[PDB]
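Letter by letter, the chains look like this.
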Amino acid sequence: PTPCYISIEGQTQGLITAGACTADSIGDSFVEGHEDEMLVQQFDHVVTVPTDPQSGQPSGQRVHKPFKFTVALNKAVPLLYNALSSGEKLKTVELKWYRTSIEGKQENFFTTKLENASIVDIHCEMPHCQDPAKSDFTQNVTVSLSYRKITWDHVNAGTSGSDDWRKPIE
Amino acid sequence: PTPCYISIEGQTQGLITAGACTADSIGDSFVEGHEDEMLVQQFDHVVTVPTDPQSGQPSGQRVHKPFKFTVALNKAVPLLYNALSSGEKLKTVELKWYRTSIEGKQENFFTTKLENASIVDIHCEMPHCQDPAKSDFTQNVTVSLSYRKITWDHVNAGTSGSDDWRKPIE
Amino acid sequence: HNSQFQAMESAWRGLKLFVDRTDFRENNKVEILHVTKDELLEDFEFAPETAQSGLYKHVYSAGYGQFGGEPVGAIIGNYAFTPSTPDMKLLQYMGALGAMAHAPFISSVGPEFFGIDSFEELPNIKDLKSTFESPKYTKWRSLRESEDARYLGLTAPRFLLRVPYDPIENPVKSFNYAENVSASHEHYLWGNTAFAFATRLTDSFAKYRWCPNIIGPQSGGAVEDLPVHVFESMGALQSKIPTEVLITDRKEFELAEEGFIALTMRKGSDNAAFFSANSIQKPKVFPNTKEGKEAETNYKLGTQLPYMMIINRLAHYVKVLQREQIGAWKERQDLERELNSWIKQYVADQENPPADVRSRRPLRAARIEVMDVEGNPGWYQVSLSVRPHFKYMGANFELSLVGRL
Amino acid sequence: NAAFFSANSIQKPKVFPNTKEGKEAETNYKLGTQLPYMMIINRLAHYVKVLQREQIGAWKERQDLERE
Amino acid sequence: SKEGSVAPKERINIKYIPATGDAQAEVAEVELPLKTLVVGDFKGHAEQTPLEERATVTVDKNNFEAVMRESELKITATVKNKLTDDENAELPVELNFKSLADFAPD
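For each chain, numbering begins from 1 and proceeds through the sequence as written. The entry may number the same residues differently, and residues missing coordinates are not shown. For naming, the first written chain is A and the first written ligand is 1, with later ones following in the order written. Remember that the shown chains come from a larger assembly, so read each value as a statement about the shown part. Only hydrogens and water are removed before side-chain values are computed, so all heavy atoms of the structure are retained for them.

Peer 1: Which parts of the structure should I look at to understand the overall build of chain E?
Peer 2: Only runs of H or I of at least four residues qualify as helices and only runs of E of at least two qualify as strands under DSSP, and these elements are numbered from the N terminus. Counting secondary structure elements, chain E contains 1 helix and 4 strands. The linear arrangement of helices and strands in chain E, starting from the amino end, is β-β-α-β-β. Here the globule rule is a power law, 2.2 Å times the number of residues to the power 0.38, and the radius of gyration is based on C-alpha atoms. On C-alpha atoms alone, chain E measures out to a radius of gyration of 32 Å, which is more than a quarter above the 13 Å that the 2.2 N^0.38 rule sets for 106 residues. Principal-axis analysis of the C-alpha atoms gives chain E an extent of 110 × 30 × 25 Å. Exposed residues in this analysis have more than 50% of their type's maximum accessible area, buried residues have under 20%, and partly exposed residues fall in between, with area computed by a 1.4 Å probe over protein chains only. Relative to its full complement of 106 residues, chain E shows a buried share of 23%. Here, residues are in contact when the closest pair of their heavy atoms is within 4.5 Å. Of the contacts made within chain E by residues no fewer than 6 positions apart, 31% connect residues no fewer than 24 positions apart. Split by element, the accessible area of chain E, about 7,700 Å² in all, is 50% carbon and sulfur. For every accessible area listed, the method is Shrake-Rupley and the probe measures 1.4 Å; residues are considered covered only by the protein chains on display.

And the structure:
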């Protein structure tokens, strides 16, 4: 799978990922043109709806389980440990799913934007240095995001979903 | 195992999967003739009945644990995140189990249709991009479905089961 | 109340009603051209071809046909059209101008267009379909069948501009002025409704940055805040109607089939509404084949004119966007991609999106097929094939009683 | 009590022409005159003079000079 | 226009001269405003210049008072005299309009 890109903008800390793919953040694995966007490796996201038994109807509104995106240690990680430990909301988070098209060029076929989105938890780990099976990995900083409003958006087919606590559907 | 196909029709959003196997949805892995049907990879579905101990009799009516079918990110996935987050029922979901017959042609030997069926949860994930064991995978969007009425139907032998909350057996 | 003053007051205070309503902060500009209506046909008689006229210089070349210049959305005609030959020759030369610069020419017909010579006897017309099938209108029914008539809408009756003054309601400084309006309703400052219909072209653009939203009494075709004049009738206290006739629903539907943008007035208040912005083009009856029954519904969508305005913008954006690119290093595959990734921010291929996704993204599906030109290689016949969403017009509601259910 | 509000030195902000770089370098040259900002680079002339005085005679490189 | 510097030497010679800067001129895709052209008789005569030479003026809410003043809408007509006991008397007027309040009877 191809890695995605996330651009986080905080309430008070401005654009958090501004510079999270320079040569100072991640060494020689930075990408030109994506200077304001982290490099997201793994992803996971659940949106449940409590339904009653012995029926099919939704017995309650949706419950957003958090984002789980994984980036390496870089410039934006000390900035994301103040959005976490102080409960600062983040004005936007624009994940962009890339894929390799037919003509041979990367393109975002799917973007999941995000409105006011605090960070629930951040799971910084490093695999065992003695272990040769996990030698290619560097670090794993899995930043979670609960969120008010999320907008899925498929670009190459124009569809767009949306959920919002602020404006539920009438 | 051979992949199945699912055609979802919503209450207000019409035919949801209309176009979920075009060239805009999934690139070059689309299939002609299945233009209205997603491509379902994995499947899982439990139907429990609470039985009492120290006996054998069913102590209560059946309890439908949800569908779990897995498709890639495509056109219908932002449409399925509004059936989820707003509790919209889906008028039908027609899974079709294919298999390779003796003469050499694909055929549905088993279809599990479905009446009014909300979405319980959707588990969008992407495997780790550094990991070479999971390089062939693209994404995994596991859409669940609680449901009012389900009708199993084996086509090549004509048998047909059915369950319904609306019309239990007298 | 003079014919030189009032005709030059309604043509100028009616502009102020077009300046005050349209939000110029939300990316709107309006050009003002001094012609006279008799000069303009002479100016089309001036050039041997419409592509060398003097109005073609100000509509096409100074605007749209210009590197970096802002292109022209629509032409407000501040005119009073007759069905005579010096006014069907003008519209033949304005439909051809509107098909070159992709901008429909909106103006109005007069009282004498319907053959009544005094306007308030319009609901007395008991059959308006047979009036248009008269031999006086041979240069009208041949204009309607023409292909370039798609860019010609002709608007409403008229509308009121100035409340007559009063020493209590609307006073004047150091004077008491009671404007004695007689039984002649020509003394009211009646404006031209090409002002008021272009108010809805622009107040739809200031909200959604497009314009299909012009035909709704609650959806963007409601000319609000009209002037009213409460005067004493024969015993009762009534209000002067801000449009000069009360257009019924059957009269407006008969004007809708015959190519008119009528303005029904909300009887008893200061509001009005458009219901159908159909251009003067006629839906051509195609034969009863599989493609003929299809292409009849395809050709019907061309004439209706909210749908032209979502592809006139797809002639003004795409002219500008592919003007910067001349001299680049591109390919046919690169030409397919710079257009498909561009228009799919205007496409919401979705059966029921929310009410904001429908109007920010007015299209529904778009096909782009880039081909080549052999002989001189590097010339690209692409075919952008957009498709719109569909609004709400007419139903049946066939009531009954069941008794048990 | 009393208060200072602006520690501007006597230098005048030179008006640069209205180009892209001229409108930029005018705001760049304005930061030189203000003098709290000189005192955060006068210290970056006093530390760096002292710190690269001890180093004379070492075994260094250009890549080592970039890193120190 | 000379920075005060020291004599060069084996010691290091720090000087402060501000640099030219790097702008890298930023892209800005401005959009097309919905421009309309209101055409029609706006004065009280027929101008003798042909159409291809006269100009179009841009009007918004802030400059409408300046477009009206520079047009010089001079309406000269003969109207009926109702200031005396004569019914068959006429009285020409002379009007000079510079603001929207010049339409008012004050």
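Peer 1: Hey, could you run me through the overall build of chain D in this one?
Peer 2: When helices and strands are tallied, chain D shows 3 helices and 0 strands. The linear arrangement of helices and strands in chain D, starting from the amino end, is α-α-α. Relative to the 2.2 N^0.38 estimate, which gives 11 Å for 68 residues, the radius of gyration of chain D is 18 Å and therefore markedly larger than a compact globule would have. Its C-alpha atoms give chain D principal-axis dimensions of about 45 × 45 × 15 Å. Working convention for charge: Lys and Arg count positive, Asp and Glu count negative, and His plus the chain ends are omitted. A single reference atom marks each charge: NZ on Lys, CZ on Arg, CG on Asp, CD on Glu. In chain D, 11 positive and 8 negative side-chain charges are present, and the distance between their average locations comes to 9 Å.

Peer 1: For this particular structure, what's the right way to read the interface of chain B and chain C?
Peer 2: Bring the parts together and some accessible area is lost; that lost area is often taken as the interface size. Each side of the interface is counted separately: chain B has 7 residues, and chain C has 5 residues. Throughout, buried area stands for the accessible area (probe radius 1.4 Å) lost by two parts on being put together, summed over both. Buried area between chain B and chain C, both sides added, is near 460 Å², and the carbon and sulfur share of it is 43%. When a carboxyl oxygen of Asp or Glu is within 4 Å of a side-chain nitrogen of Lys or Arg, the pair counts as a salt bridge. For the salt bridge of B:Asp24 with C:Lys344, the shortest nitrogen-to-oxygen distance reads 3.1 Å. Counting of polar contacts relies on pairs of N or O atoms within 3.5 Å, with two restrictions inside protein: one atom must be capable of donating a hydrogen and the other of accepting it, and residues adjacent in sequence are counted only when both atoms are side-chain atoms. Linking chain B with chain C are 2 residue pairs in polar contact. Any residue that is not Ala, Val, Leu, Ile, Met, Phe, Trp, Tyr, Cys, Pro, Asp, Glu, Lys or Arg is counted as polar, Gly included; the first ten are nonpolar and the last four charged. A class-by-class count of the residues in the side of chain B that touches chain C yields 1 nonpolar, 4 polar and 2 charged.

Peer 1: Explain the arrangement of the chains here, please?
Peer 2: In this assembly, 5 pairs of chains are in contact, and the pair contributing the most contacts is chains C and E. Taking C-alpha atoms as the reference, chain A and chain D come no closer than 12 Å and do not contact one another. Across all C-alpha pairs, the smallest distance from chain A to chain E is 13 Å, and the two are not in contact.

Peer 1: Is there a simple way to explain the pattern of salt bridges in this structure?
Peer 2: Note on pairing: side chains with opposite charge can pair once their charged atoms come close. Within the structure shown, the criterion is met by 37 salt bridges over all chains. When the shortest N-O distance is used, the salt bridge between B:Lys113 and B:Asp153 registers 3.6 Å. Within this pair, whereas B:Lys113 is found in strand β9 (residues 106-114), its partner B:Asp153 is found in strand β12 (residues 149-154), the two being separated by 40 residues in sequence. Residue classification places B:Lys113 among the partly exposed positions, given a relative accessible area of 28%. Counted as one network, the salt bridges with shared partners bring together B:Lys75, C:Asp349, C:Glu351 and C:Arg364.

Peer 1: How do you make sense of the side chain of A:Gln41 when you look at a structure like this?
Peer 2: Within the secondary structure layout, A:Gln41 lies in the loop between β3 (38-40) and β4 (43-48). You can call A:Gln41 buried: its relative accessible area is 10%. Not counting residues within four places of it along the chain, the set of residues in contact with A:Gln41 comprises A:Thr70, B:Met126, B:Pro127, B:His128, B:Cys129 and B:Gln130.

Peer 1: Hey, could you run me through the interface of chain C and chain E in this one?
Peer 2: Chain C puts 59 residues into the contact, and the matching count from chain E is 44 residues. Summed over both partners, the interface of chain C with chain E buries about 5,400 Å², with 64% contributed by carbon and sulfur atoms. Contact with chain E buries surface across chain C, with C:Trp12, C:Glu31 and C:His34 losing the most and accounting together for 16% of the total. Residue E:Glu31 pairs with C:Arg209 through a salt bridge whose shortest N-O separation is 2.4 Å.

Peer 1: Can you help me understand the sheet that holds strand β6 (residues 67-71) of chain A in this one?
Peer 2: Across a sheet, paired strands are connected by hydrogen bonds in the backbone, their directions being either parallel or antiparallel. Residue and element names in this part refer to chain A. When DSSP locates at least two bridges between a pair of strands, those strands are taken to pair. Strand order across the open sheet formed by 3 strands is β6-β11-β10, with antiparallel pairing between neighbours. Each having just a single partner strand, β6 and β10 (122-125) make up the two edges of the open sheet. Averaged over all adjacent pairs, the angle separating strand axes in this sheet is 15 degrees, with direction ignored. In this structure, β6 lies alongside strand β11 (residues 140-145), joined through 5 bridges in antiparallel fashion. Paired with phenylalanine 69 across the two strands is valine 143, which belongs to β11. What counts as an axis is a line fitted to C-alpha atoms, over the stretch in contact for a helix, and the angles between N-to-C directions run from 0 to 180 degrees. Running over the sheet, helix α2 (residues 76-85) touches β10 and β11 and is turned about 145 degrees from β10.

Peer 1: Which parts of the structure should I look at to understand the packing of helix α1 (residues 7-21) of chain C against helix α7 (residues 193-208) of chain C?
Peer 2: If you want to describe how two helices pack, look at the angle between their axes and the distance between the axes. Residue and element names in this part refer to chain C. Interhelical geometry of α1 versus α7 gives an angle of 15 degrees and a closest axis separation of 9 Å. Here α1 lies roughly parallel to α7, going by the angle between them. Where α1 crosses over α7, the handedness of that crossing is right-handed. The segment α1 lies against α7, with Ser10, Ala11, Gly14, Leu15, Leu17, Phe18 and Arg21 engaging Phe195, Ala198, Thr199, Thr202 and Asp203. When its residues are assigned to classes, the contact of α1 with α7 shows 6 nonpolar, 4 polar and 2 charged. Throughout this description, any angle smaller than 35 degrees is read as roughly parallel, any larger than 145 degrees as roughly antiparallel, any in the 65 to 115 degree range as roughly perpendicular, and the remainder as oblique. In a left-handed crossing the near helix is turned counterclockwise from the far helix by less than a right angle, and in a right-handed crossing that turn is clockwise.

Peer 1: Help me out: how do you make sense of α7(C) in this one?
Peer 2: Since the α-helix advances by 3.6 residues per turn, residues separated by three or four positions end up pointing in the same direction. Residues and elements named next belong to chain C. Taking 1.5 Å per residue as the helical rise, α7 with its 16 residues ought to reach 22 Å, and the 23 Å between its terminal C-alpha atoms agrees with that figure. Counting buried positions over the 16 residues of α7 gives 13, a clear majority of the element. The first or second residue beyond α7 is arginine 209, which carries a positive phi of 60 degrees. Helices are assigned an expected span. That span is 1.5 Å times one less than the residue count.

Peer 1: Would you explain the sheet that holds strand β1 (residues 34-40) of chain E in this entry?
Peer 2: As summarised here, the arrangement of the 6 strands in space is β4(C)-β3(C)-β2(C)-β1(E)-β1(C)-β2(E), forming an open sheet in which the pairing is mixed. The strands lining the two open edges of the sheet, one partner per strand, are β4 (152-155) of chain C together with β2 (57-58) of chain E. Lying over the sheet, α1(C) contacts β1 (28-34) and β2 (72-77) of chain C together with β1 of chain E, oriented at roughly 175 degrees with respect to β1(E). Docked against the sheet, α7(C) engages β1, β2, β3 (105-108) and β4 of chain C together with β1 of chain E, running at close to 160 degrees with respect to β2(C).

Peer 1: Would you mind showing me how to read unusual backbone geometry here?
Peer 2: What is expected of a backbone is that most residues other than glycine have negative phi and most peptide bonds are trans. With phi around 50 degrees, B:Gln54 is a residue other than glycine that occupies positive phi space. Relative to the helices and strands, B:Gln54 resides in the loop between β4 (47-48) and β5 (63-64). We note that C:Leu305 has phi near 60 degrees; this positive angle belongs to a residue other than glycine. Overall, the relative accessible area of 4% leaves C:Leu305 in the buried class.

What is shown is where atoms sit, not what they do.
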